[PDB]
>>> print(open('structure16.txt').read())   # compact mmCIF, C-alpha atoms and all ligand atoms
# COMPACT_ATOMS: atom_id res chain seq x y z
CA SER E 5 0.00 0.00 0.00
CA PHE E 6 1.00 3.77 0.37
CA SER E 7 4.26 4.43 2.27
CA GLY E 8 6.06 7.44 3.70
CA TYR E 9 2.98 9.65 3.92
CA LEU E 10 2.51 12.25 6.63
CA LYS E 11 -0.98 12.00 8.19
CA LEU E 12 -2.74 15.42 8.08
CA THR E 13 -6.26 14.36 9.18
CA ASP E 14 -8.30 11.15 9.75
CA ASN E 15 -8.47 10.62 5.95
CA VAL E 16 -5.92 12.93 4.27
CA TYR E 17 -2.24 11.96 3.85
CA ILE E 18 0.57 13.85 2.07
CA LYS E 19 3.98 12.99 0.59
CA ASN E 20 6.68 14.80 -1.38
CA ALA E 21 6.58 12.58 -4.44
CA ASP E 22 6.26 12.50 -8.20
CA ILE E 23 2.68 11.22 -8.71
CA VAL E 24 3.83 9.28 -11.83
CA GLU E 25 6.55 7.43 -9.84
CA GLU E 26 4.11 6.95 -6.95
CA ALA E 27 1.45 5.50 -9.26
CA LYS E 28 3.98 3.13 -10.94
CA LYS E 29 5.04 1.84 -7.52
CA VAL E 30 1.65 1.55 -5.74
CA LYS E 31 -0.55 0.72 -8.79
CA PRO E 32 -3.48 2.25 -6.83
CA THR E 33 -7.13 1.56 -7.62
CA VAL E 34 -7.53 5.25 -8.54
CA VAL E 35 -5.03 7.86 -9.63
CA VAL E 36 -6.46 11.38 -9.99
CA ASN E 37 -5.45 13.43 -13.01
CA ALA E 38 -5.46 17.23 -12.93
CA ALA E 39 -7.47 17.36 -16.13
CA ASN E 40 -8.93 20.16 -18.25
CA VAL E 41 -12.45 20.02 -19.81
CA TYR E 42 -11.07 18.80 -23.13
CA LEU E 43 -8.89 16.05 -21.56
CA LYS E 44 -5.93 17.56 -23.46
CA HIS E 45 -3.08 16.24 -21.28
CA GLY E 46 -0.40 18.67 -22.41
CA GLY E 47 1.48 19.69 -19.30
CA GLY E 48 1.61 19.63 -15.51
CA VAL E 49 0.38 16.45 -13.86
CA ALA E 50 -1.78 15.60 -16.92
CA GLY E 51 1.12 15.79 -19.37
CA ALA E 52 3.29 13.74 -17.02
CA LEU E 53 0.64 11.01 -16.42
CA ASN E 54 -0.12 10.86 -20.14
CA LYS E 55 3.59 10.61 -21.09
CA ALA E 56 3.95 7.71 -18.60
CA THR E 57 1.15 5.85 -20.45
CA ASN E 58 3.00 6.29 -23.79
CA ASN E 59 0.06 8.56 -24.91
CA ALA E 60 -2.53 5.77 -24.38
CA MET E 61 -4.31 8.08 -21.90
CA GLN E 62 -4.63 10.80 -24.60
CA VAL E 63 -5.90 8.32 -27.24
CA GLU E 64 -8.54 7.03 -24.83
CA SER E 65 -9.40 10.62 -23.77
CA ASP E 66 -9.90 11.82 -27.36
CA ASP E 67 -12.33 8.95 -27.98
CA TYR E 68 -14.16 9.86 -24.72
CA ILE E 69 -14.44 13.56 -25.79
CA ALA E 70 -15.54 12.59 -29.33
CA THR E 71 -18.43 10.60 -27.80
CA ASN E 72 -19.36 12.72 -24.79
CA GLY E 73 -18.13 16.26 -25.33
CA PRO E 74 -16.15 18.24 -22.80
CA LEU E 75 -16.34 17.83 -19.06
CA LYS E 76 -17.60 20.68 -16.85
CA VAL E 77 -15.15 22.68 -14.68
CA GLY E 78 -15.63 20.98 -11.30
CA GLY E 79 -16.58 17.69 -12.98
CA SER E 80 -14.88 14.40 -13.61
CA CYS E 81 -14.89 11.18 -15.52
CA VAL E 82 -13.46 7.72 -14.81
CA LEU E 83 -11.24 6.28 -17.49
CA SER E 84 -8.55 3.55 -17.53
CA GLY E 85 -5.49 3.99 -15.33
CA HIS E 86 -3.41 2.22 -18.04
CA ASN E 87 -0.04 1.12 -16.58
CA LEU E 88 -0.41 3.57 -13.61
CA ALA E 89 -3.56 2.53 -11.76
CA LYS E 90 -6.76 0.44 -12.23
CA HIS E 91 -8.63 3.71 -13.03
CA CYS E 92 -7.83 7.31 -13.66
CA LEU E 93 -10.29 9.80 -12.22
CA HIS E 94 -9.89 12.86 -14.47
CA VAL E 95 -10.97 15.80 -12.31
CA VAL E 96 -11.26 19.37 -13.63
CA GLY E 97 -10.33 21.93 -11.04
CA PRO E 98 -10.75 25.63 -11.98
CA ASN E 99 -7.77 27.07 -13.84
CA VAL E 100 -7.33 30.61 -12.45
CA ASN E 101 -4.76 31.31 -15.30
CA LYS E 102 -7.80 30.87 -17.68
CA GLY E 103 -9.92 33.15 -15.35
CA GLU E 104 -12.04 30.27 -14.00
CA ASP E 105 -14.05 30.52 -10.73
CA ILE E 106 -11.89 29.37 -7.73
CA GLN E 107 -15.21 28.64 -5.89
CA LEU E 108 -15.52 25.50 -8.17
CA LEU E 109 -12.56 23.86 -6.35
CA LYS E 110 -14.90 22.40 -3.69
CA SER E 111 -17.11 20.87 -6.44
CA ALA E 112 -13.97 19.41 -8.04
CA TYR E 113 -12.87 17.78 -4.74
CA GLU E 114 -16.38 16.34 -4.21
CA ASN E 115 -15.64 13.95 -7.07
CA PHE E 116 -13.08 12.21 -4.81
CA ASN E 117 -15.90 11.13 -2.45
CA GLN E 118 -17.10 8.59 -5.04
CA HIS E 119 -13.88 6.53 -4.47
CA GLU E 120 -12.85 4.88 -1.16
CA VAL E 121 -9.13 5.51 -1.73
CA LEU E 122 -7.25 7.73 -4.20
CA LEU E 123 -3.71 8.80 -5.10
CA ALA E 124 -4.07 12.49 -6.08
CA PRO E 125 -2.41 15.79 -6.77
CA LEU E 126 -3.66 19.06 -5.20
CA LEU E 127 -6.38 20.28 -7.54
CA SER E 128 -5.94 23.63 -9.28
CA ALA E 129 -2.34 23.84 -7.95
CA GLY E 130 0.75 24.13 -10.23
CA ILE E 131 0.04 25.39 -13.73
CA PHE E 132 -3.68 25.78 -12.82
CA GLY E 133 -2.69 28.88 -10.82
CA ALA E 134 -4.49 28.45 -7.49
CA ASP E 135 -2.80 28.79 -4.09
CA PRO E 136 -1.83 25.21 -3.10
CA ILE E 137 -2.33 26.06 0.62
CA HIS E 138 -5.97 26.92 -0.23
CA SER E 139 -6.29 23.72 -2.33
CA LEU E 140 -5.10 21.56 0.59
CA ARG E 141 -7.57 23.33 2.92
CA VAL E 142 -10.48 22.68 0.50
CA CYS E 143 -9.29 19.07 0.11
CA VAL E 144 -9.29 18.38 3.87
CA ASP E 145 -12.66 20.15 4.33
CA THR E 146 -14.35 18.40 1.37
CA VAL E 147 -12.94 14.91 0.85
CA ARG E 148 -14.20 12.27 3.29
CA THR E 149 -12.63 9.25 1.57
CA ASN E 150 -8.93 8.26 1.93
CA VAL E 151 -6.81 10.64 -0.17
CA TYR E 152 -3.02 10.25 -0.57
CA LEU E 153 -1.69 13.53 -1.89
CA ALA E 154 1.52 13.57 -3.89
CA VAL E 155 3.20 17.02 -3.96
CA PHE E 156 5.97 17.11 -6.57
CA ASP E 157 7.77 20.23 -5.29
CA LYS E 158 9.82 19.61 -1.98
CA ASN E 159 9.79 23.30 -1.07
CA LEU E 160 5.99 23.48 -1.59
CA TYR E 161 5.51 20.18 0.36
CA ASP E 162 7.43 21.68 3.32
CA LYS E 163 5.40 24.90 3.15
CA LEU E 164 2.11 22.89 2.99
CA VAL E 165 3.02 20.73 6.03
CA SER E 166 4.48 23.57 8.12
CA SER E 167 1.48 25.85 7.51
CA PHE E 168 -1.23 23.15 7.87
CA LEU E 169 -3.83 24.07 10.44
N1 LIG X 201 7.37 12.37 -14.17
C1 LIG X 201 7.43 13.58 -14.72
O1 LIG X 201 7.98 13.79 -15.81
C2 LIG X 201 6.74 14.71 -14.01
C3 LIG X 201 6.74 16.01 -14.51
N2 LIG X 201 6.04 17.01 -13.96
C4 LIG X 201 5.33 16.66 -12.88
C5 LIG X 201 4.51 17.79 -12.31
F1 LIG X 201 3.84 18.44 -13.25
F2 LIG X 201 3.62 17.39 -11.42
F3 LIG X 201 5.26 18.67 -11.68
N3 LIG X 201 5.24 15.46 -12.28
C6 LIG X 201 5.97 14.50 -12.88
>>> encode(input="structure16.txt", output="structure tokens")
Amino acid sequence: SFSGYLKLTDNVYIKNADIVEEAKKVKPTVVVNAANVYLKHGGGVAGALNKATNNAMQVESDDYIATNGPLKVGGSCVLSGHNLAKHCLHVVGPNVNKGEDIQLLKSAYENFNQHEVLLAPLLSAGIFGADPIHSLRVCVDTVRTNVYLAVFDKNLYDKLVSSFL
């Protein structure tokens, strides 16, 4: 199972780790992708997860979008986890660099409650532009299921742990 995580709350754990390397090691039931509405996995966590699947995630995602259309900001879909996990839960947090409503971050985290355990990044953090301290706060106050957060950046991980209320 998950190792080396710091326990933040009854159900939220955190580790300074590359979510791709973490997924390859744990092979969790669910890995969360920091997706956009088009499932265009170009950069950030999405680009990294997709590259690890040798682009199979993007091929599957394009077929999903061709059939279903785009996701909503705050929404999700369950697709294959490929070589990384049983499933990938593609969750769209608001991208504040695209002027999206930060209030939708709670709706985005609510998707995690449909899965008993997940390996996840902080939603809307990184290239999505939100404050990761705020994202962790919304995560702990919204997610009730077991969430193992992988924070790529060591300096950000230390700031998140040291400032956690
Ligand atoms: N394995 C990678 O190449 C990798 C790159 N970038 C990231 C990011 F975006 F979370 F920081 N995580 C992993």
>>> residues_near_ligand(input="structure16.txt", ligand="ligand LIG 201 (chain X)", cutoff="12 Å", atoms="only C-alpha atoms and all ligand atoms", output="mmCIF file with C-alpha atoms, in the coordinates of the input")
data_model
loop_
_atom_site.group_PDB
_atom_site.id
_atom_site.type_symbol
_atom_site.label_atom_id
_atom_site.label_comp_id
_atom_site.auth_asym_id
_atom_site.auth_seq_id
_atom_site.Cartn_x
_atom_site.Cartn_y
_atom_site.Cartn_z
ATOM 1 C CA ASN E 20 6.680 14.800 -1.380
ATOM 2 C CA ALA E 21 6.580 12.580 -4.440
ATOM 3 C CA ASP E 22 6.260 12.500 -8.200
ATOM 4 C CA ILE E 23 2.680 11.220 -8.710
ATOM 5 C CA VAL E 24 3.830 9.280 -11.830
ATOM 6 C CA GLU E 25 6.550 7.430 -9.840
ATOM 7 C CA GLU E 26 4.110 6.950 -6.950
ATOM 8 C CA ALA E 27 1.450 5.500 -9.260
ATOM 9 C CA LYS E 28 3.980 3.130 -10.940
ATOM 10 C CA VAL E 36 -6.460 11.380 -9.990
ATOM 11 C CA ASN E 37 -5.450 13.430 -13.010
ATOM 12 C CA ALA E 38 -5.460 17.230 -12.930
ATOM 13 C CA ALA E 39 -7.470 17.360 -16.130
ATOM 14 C CA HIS E 45 -3.080 16.240 -21.280
ATOM 15 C CA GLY E 46 -0.400 18.670 -22.410
ATOM 16 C CA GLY E 47 1.480 19.690 -19.300
ATOM 17 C CA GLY E 48 1.610 19.630 -15.510
ATOM 18 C CA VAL E 49 0.380 16.450 -13.860
ATOM 19 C CA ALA E 50 -1.780 15.600 -16.920
ATOM 20 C CA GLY E 51 1.120 15.790 -19.370
ATOM 21 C CA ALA E 52 3.290 13.740 -17.020
ATOM 22 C CA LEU E 53 0.640 11.010 -16.420
ATOM 23 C CA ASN E 54 -0.120 10.860 -20.140
ATOM 24 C CA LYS E 55 3.590 10.610 -21.090
ATOM 25 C CA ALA E 56 3.950 7.710 -18.600
ATOM 26 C CA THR E 57 1.150 5.850 -20.450
ATOM 27 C CA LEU E 88 -0.410 3.570 -13.610
ATOM 28 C CA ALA E 124 -4.070 12.490 -6.080
ATOM 29 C CA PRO E 125 -2.410 15.790 -6.770
ATOM 30 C CA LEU E 126 -3.660 19.060 -5.200
ATOM 31 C CA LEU E 127 -6.380 20.280 -7.540
ATOM 32 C CA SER E 128 -5.940 23.630 -9.280
ATOM 33 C CA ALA E 129 -2.340 23.840 -7.950
ATOM 34 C CA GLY E 130 0.750 24.130 -10.230
ATOM 35 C CA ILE E 131 0.040 25.390 -13.730
ATOM 36 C CA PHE E 132 -3.680 25.780 -12.820
ATOM 37 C CA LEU E 153 -1.690 13.530 -1.890
ATOM 38 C CA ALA E 154 1.520 13.570 -3.890
ATOM 39 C CA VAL E 155 3.200 17.020 -3.960
ATOM 40 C CA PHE E 156 5.970 17.110 -6.570
ATOM 41 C CA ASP E 157 7.770 20.230 -5.290
ATOM 42 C CA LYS E 158 9.820 19.610 -1.980
ATOM 43 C CA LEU E 160 5.990 23.480 -1.590
#
>>> closest_residue(input="structure16.txt", among="E:144, E:77, E:69, E:123", to="residue 31 of chain E", atoms="all atoms listed in the file")
E:123
>>> atom_distance(input="structure16.txt", atom1="atom CA of residue 95 of chain E", atom2="atom CA of residue 166 of chain E")
26.8 Å
>>> atom_distance(input="structure16.txt", atom1="atom CA of residue 59 of chain E", atom2="atom CA of residue 44 of chain E")
10.9 Å
>>> atom_distance(input="structure16.txt", atom1="atom CA of residue 65 of chain E", atom2="atom CA of residue 115 of chain E")
18.1 Å
>>> residues_around(input="structure16.txt", residues="residue 122 of chain E", least_positions_apart="6", cutoff="8 Å", atoms="all atoms listed in the file", output="short mmCIF file (atom, residue, chain, number, x, y, z; two decimals) with C-alpha atoms, keeping the file's coordinate frame")
data_model
loop_
_atom_site.label_atom_id
_atom_site.label_comp_id
_atom_site.auth_asym_id
_atom_site.auth_seq_id
_atom_site.Cartn_x
_atom_site.Cartn_y
_atom_site.Cartn_z
CA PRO E 32 -3.48 2.25 -6.83
CA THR E 33 -7.13 1.56 -7.62
CA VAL E 34 -7.53 5.25 -8.54
CA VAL E 35 -5.03 7.86 -9.63
CA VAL E 36 -6.46 11.38 -9.99
CA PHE E 116 -13.08 12.21 -4.81
CA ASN E 150 -8.93 8.26 1.93
CA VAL E 151 -6.81 10.64 -0.17
CA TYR E 152 -3.02 10.25 -0.57
#
>>> residues_around(input="structure16.txt", residues="residue 99 of chain E", least_positions_apart="2", cutoff="7 Å", atoms="all atoms listed in the file", output="ChimeraX atom specification")
/E:97,101-104,128,132-133
>>> closest_residue(input="structure16.txt", among="E:117, E:80, E:72, E:7", to="residue 143 of chain E", atoms="all atoms listed in the file")
E:117
>>> closest_residue(input="structure16.txt", among="E:18, E:43, E:109, E:121", to="residue 66 of chain E", atoms="all atoms listed in the file")
E:43
>>> closest_residue(input="structure16.txt", among="E:41, E:147, E:30, E:16", to="residue 98 of chain E", atoms="all atoms listed in the file")
E:41
>>> closest_residue(input="structure16.txt", among="E:168, E:9, E:17, E:42", to="residue 138 of chain E", atoms="all atoms listed in the file")
E:168
>>> build_atoms(input="structure16.txt", residues="segment 10-30 of chain E", atoms="N, CA and C atoms", output="compact mmCIF listing (two decimals), keeping the file's coordinate frame")
# COMPACT_ATOMS: atom_id res chain seq x y z
N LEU E 10 2.77 11.54 5.38
CA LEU E 10 2.51 12.25 6.63
C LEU E 10 0.99 12.33 6.76
N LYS E 11 0.45 11.97 7.93
CA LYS E 11 -0.98 12.00 8.19
C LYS E 11 -1.39 13.42 8.54
N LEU E 12 -2.28 14.06 7.76
CA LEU E 12 -2.74 15.42 8.08
C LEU E 12 -4.02 15.38 8.92
N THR E 13 -4.96 14.52 8.52
CA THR E 13 -6.26 14.36 9.18
C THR E 13 -6.60 12.86 9.23
N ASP E 14 -7.81 12.51 9.71
CA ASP E 14 -8.30 11.15 9.75
C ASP E 14 -8.19 10.46 8.38
N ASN E 15 -8.43 11.23 7.29
CA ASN E 15 -8.47 10.62 5.95
C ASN E 15 -7.54 11.22 4.92
N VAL E 16 -6.81 12.29 5.24
CA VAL E 16 -5.92 12.93 4.27
C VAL E 16 -4.47 12.73 4.66
N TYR E 17 -3.67 12.23 3.71
CA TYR E 17 -2.24 11.96 3.85
C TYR E 17 -1.48 12.74 2.78
N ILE E 18 -0.21 13.05 3.02
CA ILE E 18 0.57 13.85 2.07
C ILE E 18 2.01 13.37 1.99
N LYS E 19 2.60 13.43 0.81
CA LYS E 19 3.98 12.99 0.59
C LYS E 19 4.63 13.84 -0.48
N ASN E 20 5.94 14.08 -0.35
CA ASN E 20 6.68 14.80 -1.38
C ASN E 20 7.07 13.70 -2.36
N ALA E 21 6.34 13.64 -3.49
CA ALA E 21 6.58 12.58 -4.44
C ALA E 21 6.09 12.99 -5.81
N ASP E 22 6.67 12.37 -6.83
CA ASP E 22 6.26 12.50 -8.20
C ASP E 22 5.07 11.52 -8.30
N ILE E 23 3.88 12.04 -8.62
CA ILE E 23 2.68 11.22 -8.71
C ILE E 23 2.80 10.11 -9.74
N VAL E 24 3.59 10.31 -10.82
CA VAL E 24 3.83 9.28 -11.83
C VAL E 24 4.61 8.11 -11.18
N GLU E 25 5.74 8.43 -10.51
CA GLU E 25 6.55 7.43 -9.84
C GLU E 25 5.78 6.72 -8.71
N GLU E 26 4.95 7.47 -8.00
CA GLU E 26 4.11 6.95 -6.95
C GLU E 26 3.07 5.97 -7.52
N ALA E 27 2.42 6.37 -8.62
CA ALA E 27 1.45 5.50 -9.26
C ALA E 27 2.12 4.24 -9.79
N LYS E 28 3.30 4.33 -10.44
CA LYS E 28 3.98 3.13 -10.94
C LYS E 28 4.36 2.16 -9.83
N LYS E 29 4.66 2.68 -8.64
CA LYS E 29 5.04 1.84 -7.52
C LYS E 29 3.82 1.22 -6.80
N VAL E 30 2.80 2.02 -6.50
CA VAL E 30 1.65 1.55 -5.74
C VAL E 30 0.64 0.78 -6.59
